[PDB]
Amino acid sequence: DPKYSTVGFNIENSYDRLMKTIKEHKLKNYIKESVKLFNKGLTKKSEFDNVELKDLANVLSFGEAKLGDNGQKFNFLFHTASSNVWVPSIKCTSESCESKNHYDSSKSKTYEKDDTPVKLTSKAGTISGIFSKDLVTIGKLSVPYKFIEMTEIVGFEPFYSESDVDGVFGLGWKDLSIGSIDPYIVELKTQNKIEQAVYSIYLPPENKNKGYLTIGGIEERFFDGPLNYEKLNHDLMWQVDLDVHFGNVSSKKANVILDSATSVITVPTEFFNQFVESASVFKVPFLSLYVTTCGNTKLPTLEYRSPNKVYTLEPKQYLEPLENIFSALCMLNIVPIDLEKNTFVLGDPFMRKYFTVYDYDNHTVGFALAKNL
């Protein structure tokens, strides 16, 4: 067993969702026949294009965490930019809430009132609730934490109601409160339940529906070779300064965010189009879907260069097989999306190669060559 406290979590990935879309809309032979056409090759001609940062999220989730001494069960998803944890109140108005697990302050001996109101208003939806202090367990680790009890939830549909998820567990920095509530992982450290304010994400190569979160230490057994460290360029983001080259295409002094919840590698639009020009990659009409032969010899190693380390992705690391649609066919797990000027994100593909460490104490992030388990 591991030295430090580790929890498995499940992932619903872009491949699954794409797969579901294909059975739903009967799209196989369309894709099959379009590919044949490309191969023939009669295409030649050069809102899929429109983002969305929504559509690229995977849902990394687990149902082992629990609130209070009675141990009230909840299904969380992890979110790497948020500091707080979020749960449905038993006092939840909305009809979203009705099929989910609820937090009942009353049923827990360890509950302490806070009642301070919080309000998240965003593009997908609107959450209204109050802070509440209780024992927050995972399941080795336990500590009193102030979390948010949600009283009314509006939006995030149809996702929320269709997902068996109840709420959000913050593995990030951003706290909605103004009473400077530390992240759960900092809090475990403040109260001495771990040795270090750190966690690792390990995403096993051979199972893209699984990932492991480990807390309070470096589990040496998840990787080979040295751990490199990079300093964060932002106070409240797992984000880092790096030059990036994909062949002759390059971008100096780029902003790259580590989010294992992002399903793909992202890249500015301009950058993507330069990359993809005459790389022999095919864009399937009427689908957010670029495709190529798995043995494609034109495709470069992706390079993310620090001043004292470069991290790379071979084509095998950024191409998902599609054997069940067309033989030796692969989809490209890279997507063009423009965020703030010069900002890239390293999603699931990167973490399948690199074991990754997120250090709150030292404001560092950590990379190493993932083992194969």
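Here the rigid core means the biggest group of C-alpha atoms that line up within 1.5 Å when the two forms are laid on top of each other. Counting begins at 1, following the sequence as shown.
Check your understanding: After fitting on the rigid core, which stretch moves more in 4 other deposited structures of this protein, 327-335 or 57-65, going by C-alpha RMS?
Key -> Stretch with the higher C-alpha RMS distance in 4 other deposited structures of this protein: 57-65.
Check your understanding: Looking at C-alpha RMS in 4 other deposited structures of this protein with the core superposed, is it 80-88 or 222-230 that drifts more?
Key -> The more displaced stretch in 4 other deposited structures of this protein turns out to be 80-88.
Review point. Checking the other entries of this protein that model its neighbours, is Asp348 missing in at least a third?
Key: In none of the comparable entries (those modelling both sides of it) is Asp348 left without coordinates.
Exercise for review: May I ask whether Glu52 is missing from the deposited models in at least a third of the other compared entries?
Suggested key: Looking at the other entries that model residues on either side of it, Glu52 is present in every one.
Point to revise | Deposited-sequence gap flanked by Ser46 and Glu47 | key: Gap between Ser46 and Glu47: 4 to 9 unmodelled residues.
**Study point:** Mean temperature factor over C-alpha atoms, higher-scoring stretch between 59-67 and 327-335
**Key:** Per the deposited B-factors, the answer is 59-67.
Practice item. Tell me which of 277-285 and 260-268 has the higher mean C-alpha B-factor in the deposited entry. Key: In the deposited entry, the stretch with the higher C-alpha B-factor mean is 277-285.
Review point. Between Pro117, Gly216, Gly167, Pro204, which carries the biggest CA temperature factor in the record?
Key: So the option with the highest C-alpha B-factor is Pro117.
Check your understanding: Which is it among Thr292, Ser94, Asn228, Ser200: the one with the largest CA B-factor in the entry?
Key -> Highest C-alpha B-factor among the listed residues goes to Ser94.
Review point. Can you tell me which third, lowest, middle or highest, the CA B-factor of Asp224 falls into for its chain?
Key: Its C-alpha B-factor belongs to the middle third of this chain's values.
**Study point:** Chain third (lowest, middle, highest) by recorded CA B-factor, residue given as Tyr212
**Key:** Bottom third by C-alpha B-factor.
Review point. In terms of the CA temperature factor given in the entry, to which third of its chain does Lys107 belong: lowest, middle or highest?
Key: For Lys107, whose C-alpha B-factor we compare with every modelled residue in the chain, the answer is the middle third.
Review point. Is the Cα B-factor recorded for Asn342 in the lowest, middle or highest third of its chain?
Key: Its C-alpha B-factor, which the entry lists for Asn342, ranks in the highest third among residues of this chain.
Practice item. Ordered by C-alpha B-factor within the chain, which third holds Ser180? Give me lowest, middle or highest, please. Key: For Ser180, whose C-alpha B-factor we compare with every modelled residue in the chain, the answer is the highest third.
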